[PDB]
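What follows is one structure encoded as structure tokens, with my remarks underneath.
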Amino acid sequence: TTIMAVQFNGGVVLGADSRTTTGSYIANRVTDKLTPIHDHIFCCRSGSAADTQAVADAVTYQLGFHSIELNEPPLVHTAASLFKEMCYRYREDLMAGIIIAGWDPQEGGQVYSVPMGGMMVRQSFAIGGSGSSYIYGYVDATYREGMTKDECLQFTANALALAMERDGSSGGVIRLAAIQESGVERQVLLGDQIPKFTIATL
Amino acid sequence: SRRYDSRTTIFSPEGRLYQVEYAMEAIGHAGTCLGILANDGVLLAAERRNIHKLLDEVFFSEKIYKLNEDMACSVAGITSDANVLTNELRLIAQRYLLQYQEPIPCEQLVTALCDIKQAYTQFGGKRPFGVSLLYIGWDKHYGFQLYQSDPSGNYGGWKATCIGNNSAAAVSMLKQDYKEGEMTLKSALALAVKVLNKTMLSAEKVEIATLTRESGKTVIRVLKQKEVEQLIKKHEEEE
Amino acid sequence: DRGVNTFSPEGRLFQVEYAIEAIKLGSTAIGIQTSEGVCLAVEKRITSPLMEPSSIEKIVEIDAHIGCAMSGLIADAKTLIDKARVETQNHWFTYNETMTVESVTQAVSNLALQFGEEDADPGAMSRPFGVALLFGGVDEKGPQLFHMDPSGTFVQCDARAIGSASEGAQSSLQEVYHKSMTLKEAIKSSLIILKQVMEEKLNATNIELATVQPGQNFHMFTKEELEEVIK
Amino acid sequence: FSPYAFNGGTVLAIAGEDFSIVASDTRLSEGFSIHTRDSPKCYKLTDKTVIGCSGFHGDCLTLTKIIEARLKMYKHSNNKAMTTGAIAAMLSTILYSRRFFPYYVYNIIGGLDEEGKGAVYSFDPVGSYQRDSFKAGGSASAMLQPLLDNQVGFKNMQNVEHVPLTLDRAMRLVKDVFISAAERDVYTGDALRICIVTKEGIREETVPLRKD
Amino acid sequence: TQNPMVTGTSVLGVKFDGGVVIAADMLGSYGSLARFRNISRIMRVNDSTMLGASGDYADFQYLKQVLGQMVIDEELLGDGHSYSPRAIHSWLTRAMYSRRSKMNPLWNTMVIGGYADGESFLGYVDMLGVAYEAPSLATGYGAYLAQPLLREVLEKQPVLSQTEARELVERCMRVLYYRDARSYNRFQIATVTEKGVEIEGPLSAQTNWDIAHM
Amino acid sequence: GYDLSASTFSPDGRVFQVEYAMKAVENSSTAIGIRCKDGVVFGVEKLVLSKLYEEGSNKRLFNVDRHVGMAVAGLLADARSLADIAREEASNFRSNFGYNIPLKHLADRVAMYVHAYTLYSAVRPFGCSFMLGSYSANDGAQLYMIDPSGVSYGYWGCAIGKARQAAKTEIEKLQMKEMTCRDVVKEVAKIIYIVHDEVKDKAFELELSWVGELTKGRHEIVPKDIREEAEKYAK
Amino acid sequence: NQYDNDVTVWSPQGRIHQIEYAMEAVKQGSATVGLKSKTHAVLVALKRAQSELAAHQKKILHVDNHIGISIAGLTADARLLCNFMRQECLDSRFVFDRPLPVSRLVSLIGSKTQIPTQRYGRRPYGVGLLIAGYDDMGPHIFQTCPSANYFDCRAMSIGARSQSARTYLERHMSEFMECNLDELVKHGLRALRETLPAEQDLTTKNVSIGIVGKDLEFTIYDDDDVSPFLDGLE
Amino acid sequence: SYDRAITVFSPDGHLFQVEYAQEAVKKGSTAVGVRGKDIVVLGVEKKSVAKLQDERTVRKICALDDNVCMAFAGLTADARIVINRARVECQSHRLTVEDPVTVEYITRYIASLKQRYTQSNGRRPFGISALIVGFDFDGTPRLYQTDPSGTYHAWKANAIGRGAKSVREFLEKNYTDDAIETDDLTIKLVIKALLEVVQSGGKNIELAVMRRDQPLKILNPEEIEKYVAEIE
Amino acid sequence: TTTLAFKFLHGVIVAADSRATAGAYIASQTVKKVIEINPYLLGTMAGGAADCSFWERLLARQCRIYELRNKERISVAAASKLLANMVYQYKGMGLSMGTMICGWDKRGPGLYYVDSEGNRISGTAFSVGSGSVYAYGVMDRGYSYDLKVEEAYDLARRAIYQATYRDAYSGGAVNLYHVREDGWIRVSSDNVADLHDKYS
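Chains as they are written, first to last, in the deposited numbering: chain F, 1 to 202; chain O, 2 to 201, 206 to 244; chain M, 9 to 239; chain S, 2 to 213; chain a, 1 to 214; chain Q, 6 to 240; chain L, 4 to 237; chain N, 2 to 233; chain D, 1 to 200.
Right, dumping it as structure tokens:
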């Protein structure tokens, strides 16, 4: 599993792989690891499929009820705070690394990383999953401030592709998402659309 | 909360429990339930109150209930309250059989239910069960037995007893007609018919169950329409 | 009708006030504190001659150094007496030392107002105890005589009388009492007063007597001992 | 995860005719490092009772606070201060309360009794205790004990005057055994805090020990 | 927690003439990998108190939010009674010990620095509930690499000035960068005096690599 | 006997026990709240019933949160308990969602908690009304008022207590929408002085609180200088 | 009549009779005076002995090293609240290793005493307290009661016939701040004398004194130690 | 759960519920008890003498243990509950302690229970009086009597029920050291006291006896008819 | 630890050592292994110092309460049963205590052995502790029911002395007790070193 979220002026750009494996067997090759918490709040999921699905469900139930009582669009930081609370409270059982990303009128496009322990840190871009180890040096040398919405989409696709080619637990297709004040822009990059990188030959 | 409370489980000036006393008045208007113990069995004779042309038969008995293999009972008073007690009696007998792997003696079963009825007149703040019961059964300690409990938890063993509507006139007619030690099932059944006719009779207006022993096995059975009808005709011959 | 925790217009709890009226029906108990020790006395009030006088126990030993005379509803006293006994036994187990008379009385005084219907479990008092207590023991401060009533109010006294004739006995205690009395003088005066507020001819089986000196432990006078003091 | 830690330390107690001494080193360590060179292990309970605690410092702090609170509660309900013997009895039951997850502390209570004589009570982690003339607990407890048996109890000595132990002489002995304990025990060092308990309150002293 | 996830390294702390200074790098490690390089491990409790923490970062955030709410509750009363540094250190010790007694410890080693009533306070509270005060503290790997240097300077100069303490703390960070593999070259420096708490940084130490050639 | 319990409706559909709790709020001293262009100003006419009391005792203004103020009227014992309840909601909210609780949500939460004591005979309705005021950079200035039944509305100017009907009139005159907190302080101070009964009541102290842009969104008591400067202008 | 049996029953006048019935107990008890200065806070209770042979009941209790109280009303209830006050004080010393601010402890009592007045079946604590403490904000004098309301005063007095004591305090509540220890303790004794009838006077058998100052822990004076303060009055 | 206070004090310091429970005991059957030298007799007056009733199921004299037995007066349903609790306590005392319970020990336990129902929420007091009789380990005849309030006393001869005032009065001037000389005069004494209150004295008087180191024996219709004829 | 108790014709003889050991280091040489429950009841300790001390003290409290309630002393059989029921609740938890309850009640001199395992047996001659095996040999070889009081003291003393000579965890002094009809009495307390010079 490889998830990534980058932020720009308008909002954020989420992306992930679609491989769900059990040992060396791929149970699902077209998994959707990008779950919508609210209208402009999404979350990438990594770790345990049942743990992250139960946590994402709970947060979605709470955030929607909270948004109705307040009669206001929920803040991205509040969604991150609800994920953080559950992931810390049940840190011994749950095995989930959630990246929360979205857009709100008070703070714009924000990306929050909520790793395994249950801490919560805001970043300009974040990467998680088992395949994220292979792309730490690339996102460090390639990311620059002032990227546009389209540049974030290419940068995210390039990083996910590099990780998918090296990680055994990553693969499939790339599912991107662009969140803005407007709405969400979901898009899949299949086989040939996936950015390619030549292999050193002799 | 302390103003709506009717205080059902408290003593009165003369030392009597009103709720229990009022519940015994409800049993005095119910269908007549009589029990007669013989040397070779014991029977129950309850007058059917559910009398209507549009009333279906469905069940095997309306007032007589089988508690376990060797015990049957007859309720009187609030029928809904009797449904709670009969179900508890069966659970008490099944519990005893799961612990000792043997049938529960008649007196031990009656005592367990009388302890539950006594508890509703002492604490809990709830109304008592307005139902009087009549137990007939056979055990290996005292053979054939006939018991009778009441709303207060009181209970006693009898040779022949009657409860419900007009149970006073039946008891007085049973004392001058019963033969201590020399009563047969056939003669006991005749006495039951002469008591139900006096405190009243058609064959649909009554229900008769007998409990006898056959080859080291208790047998409880409700007398059939024809089976009872003949009895009713034979009492008319003597009248 | 009202609840058990209902305050009256003056400022007193009805229930507690009614329980204080039940203490003025029991037999008279007299306590006297001296420098030689405390002496407790109480009439047995034998109703019928067929009843065994020894079966009646109005004076009990809380501990080796603490005695206790009661009055009012004797059945209610048993609940309090046991608490006092366990309290002193717990103290010994935890601090390897005896408990003071003041400490014991205070511990038994905490159960006085611990009653009420609502917001309570099954094992809770529904009403207050209708009994007054007279604790008399010997500790580090020498002989001491405390008095506890139904309201949970305990004090210290040199000579206190509880019961139906406490009012009359009190006057006699104030007349015949000084702060230099001997234990033998305290006992004599106790019997005299107890003998004036009685109906039956005070004998050796009609009353109860016990003393708690600094030296010996709680001792209950025997028939012969009581008969030799009546002389 | 282990809930215990050995922080070293060594408490010494000595009872006299009209006094009581409770001394200990002030070094607190962990593993092979030194946390602080200024950590007394002697706690003043009442005006004639002093307690020494060595072992797991975490338990030492908690136990010390529990005792202090218990002394205040006892004074509130009994209108008097707790005696040394009563505190020792109460401590025994406090240590046995956590019988299945015991305090890793070696307690030693040194004060005066009701007759004004020096009283010393040594304790075991689960609560077992007894009154003694002198006692040593901690990392150097097996190094000092033998010397005290010889110098204070005159064990294994033939023709000897058996002269009564005096405050002056007791002070010398305490300082001497701790000087020897600092040379061999790696957990004992820095400074030595001495608490003298007489009839005129508690006095405190401080002697410098080896730093290495 | 039983297994610490993202943790921070050692925290330095020294007392000077009129205040306490606390330093700690801004790195949260996940095993041997430096994951989060821009997190603060030092917090401001109130006007006189500041806290530094090493170990599990998630446990530090929970403590930071609990402590923060305590200060708000106390300031809401407005009765002229505020928590002193010693009272915060005491509360922490009890909290750390309570969690360790239930076999569910907060994997943290805290350093408490404060200044109240003209007296600088420097407390230490570990995960087991072991607490004590000292002129200079150092957690984690700082106890073996920074404590020796800090202690050597406080033996000749027991009382330091603000400038002396600040520059002595920067020498310790430089040594930590050189010898601790779980450290970062970007740290923060918090100082507490009579004027309050002041968090400085992100700062860097000046390293020398002349030994690479020789 | 239709008015003996809160779980009993009367023949004409009324809960008398709840109306009796609002009668206790009418015996209290008048407290007023005014929301200007950048904050809220609170003013209570604290009645000093004894000379032995310390200046500042029995204050009817609390701090439920850093950005929230609370003016009460009625039973002080009850009001203090409601203030604690409001402090918990605000504290719990911050722990859960990670940010300061909006004033509207705080009012809602507390009003619903107050409404729960007006349904059964197991308890009794609160006998005190209170106003909640706070200022936020994005939210603006808010002023709510909760009565004994549990009803809570937003206001511009509000008054509760003895002379709340007479203090309201003198509040409509002022144009708080275009006014400012600094100027409103005196206005509120003057209103409290006009409605204060000096022929029936004794002596009183002026309690003033405010939250807005001038105090950086933090609720706090009006400074002595300003308090005395407005006290002289209202005299 | 129908509105004076339960605490959860509001009367048609907006009052709770039961709560006012618990305030009648405070006025039926012995008078107690509490006054303070710039460095000291004292309490002077008039221990009353119903029987001639009985010992005057205690009125001043110990809560902590810096806090002392004087009860009035129900004895059992006073011990109930005192035990709670001691518990809270012990908690603060255990957790924060410091004395619990008098004002904070008084708020805790207010919360605990309010709960009973709103629940069915329960009753209000029928006891009036006179708390005397000294923290970081100097000496304090607090007065609690059965309606769960507490006030911060410069001088206070509660109990039977304490209106005369209260009135006397108002006349001299201007020289208490500068008043020295003995002078401050004489004013309390003088104020307590007003409540007493013309016949009897303040002896050493019916007067208790609790004092708490900056460097002085809460101390109580029984019979022998009360003499020093007593001797000097006119 | 029901937690309403049933037994409370009244204006003149009276516990109405306990007094109403004692009124129920006066309407109950009469039960006399006599303590002899080496025998203990318990006689009860069978109010209902129905001929169609099984006499073995309505007995009033029970057994708590091998050395302790008892009779009661008042609510029969309440007595059963009390007797069953006392029976369970006897076996509990034989478990923990390695010896039989004394007569006073079980009397104290039965009295303790009765008192508890007079000071507990949501429950009324027991409406019965017990006459515990038995022998201790030394072989001493004991006779105790408990009542609804929870107070117990050791007696020499006592009667409880409707005609207890009369029986007691008659017993007062009949119970001596010569009237209980043997094991037959004690039985003739119990029957004499019962005969001056029981309607149609003779077949309406059940009575059991208990001798030292011996179970409990219940005289039958013939045995009791010889004692009733002897008197005449 | 070595504790022994035997009941002859003149009551019960109770002897024990006084050594406490924490591993291989001798913690104490003056520990009291006999507990005076009351004037007529004694209790011995072996195994866990804190365990024995605590539960025997709890037993003493129960005995005292028992006497106040029934106005009579508890029997030796009843006292030992109380201790057996007490420690049975924590069976398997790790409690380590072997005790001997001795006294004189209505059935004469009573001697019971109770441990943490669950055993509660009555007998005439018991021995608990690590040196109990050595005491048994000497005790049984010279034990007689007609033994004179002086002879009974020498037997018990010698039995304990030989156990301290062989067992490394036994030593100190031999504290001896004698339970009679009038109550127990502290017979003697001789050091093991002084007994060594007397037996050689």
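Where a beta carbon is used, it is the ideal one built from N, C-alpha and C, also for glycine.
Taking all protein chains shown into account, a:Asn208 has fewer than 16 neighbouring C-beta atoms within 10 Å of its C-beta and is therefore exposed.
The C-alpha of Q:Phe98 lies about 22 Å from the C-alpha of Q:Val156.
Going by DSSP, L:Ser165 is part of no alpha helix (DSSP H) at all; its letter is neither H nor E.
Secondary structure note for D:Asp140: it is in no beta strand (DSSP E), and the uninterrupted alpha helix (DSSP H) holding it is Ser132 to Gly142. The contact set of S:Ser78 on chain M, defined by CB atoms closer than 9 Å, consists of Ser111, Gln114 and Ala115 in chain order. Annotation note: the stretch 102-127 of chain L contains the following uninterrupted alpha helix (DSSP H) runs of length 4 or greater, listed N- to C-terminal: 105-117. Taking S:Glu31 as the centre and dropping the five residues before and after it, the same chain places the C-beta of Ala6 and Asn8 closer than 7 Å to its C-beta, in chain order. The residues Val66, in chain order, have a CB closer than 6 Å to that of L:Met88 in the same chain once the five nearest residues on each side in sequence are set aside. The contact set of F:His77 on chain Q, defined by CB atoms closer than 8 Å, consists of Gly103 and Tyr104 in chain order. Per DSSP, the continuous beta strand (DSSP E) segment holding D:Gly98 begins and ends at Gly98 to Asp105.
In terms of Cα proximity to M:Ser16, the closest of L:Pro119, L:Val105, L:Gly113 and L:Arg126 is L:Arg126. An exposed status is given to D:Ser188, since fewer than 16 other beta-carbon atoms sit within 10 Å of its beta-carbon. Taking 9 Å as the upper bound on Cβ-Cβ separation, chain Q lies near residues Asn152, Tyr153, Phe154, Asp155, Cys156, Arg157, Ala158, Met159, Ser160 and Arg169 of the stretch 152-169 of chain L. If you ignore the 5 residues before and after a:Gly201, its C-beta comes within less than 7 Å of the C-beta of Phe187, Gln188 and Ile189, all in its own chain and listed in chain order. Residues of the same chain with a CB within less than 6 Å of the CB of O:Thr162, apart from the 5 flanking positions on each side, are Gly36 and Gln149 in chain order. The beta carbons of M:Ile31 and M:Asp147 sit no closer together than 8 Å. Secondary structure at Q:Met136: strand, using DSSP grouped into helix, strand and coil.
Among the residues of the stretch 80-94 of chain D, those with a Cβ less than 8 Å away from any Cβ of chain N are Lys81, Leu82 and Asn85, in the order of the chain. Pairing S:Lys45 with S:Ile52, the inter-Cα distance amounts to about 6 Å. Per the coordinates, the alpha-carbon of Q:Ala171 lies some 53 Å from the alpha-carbon of a:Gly118. Between the stretch 174-190 of chain N and the stretch 7-21 of chain N there are fewer than three inter-stretch CB-CB distances shorter than 8 Å, so the stretches are not counted as touching. Interface with chain Q (8 Å Cβ-Cβ cutoff): F:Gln123 is excluded. Taking a contact as a CB-CB distance under 8 Å, the pair a:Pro4 and a:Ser48 does not count as one, their CB atoms being some 30 Å apart. The criterion of a C-beta distance shorter than 8 Å is satisfied by M:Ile38 and M:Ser198.
A residue is called buried when at least 16 other Cβ atoms come within 10 angstroms of its Cβ; a:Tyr115 meets this threshold and is buried.
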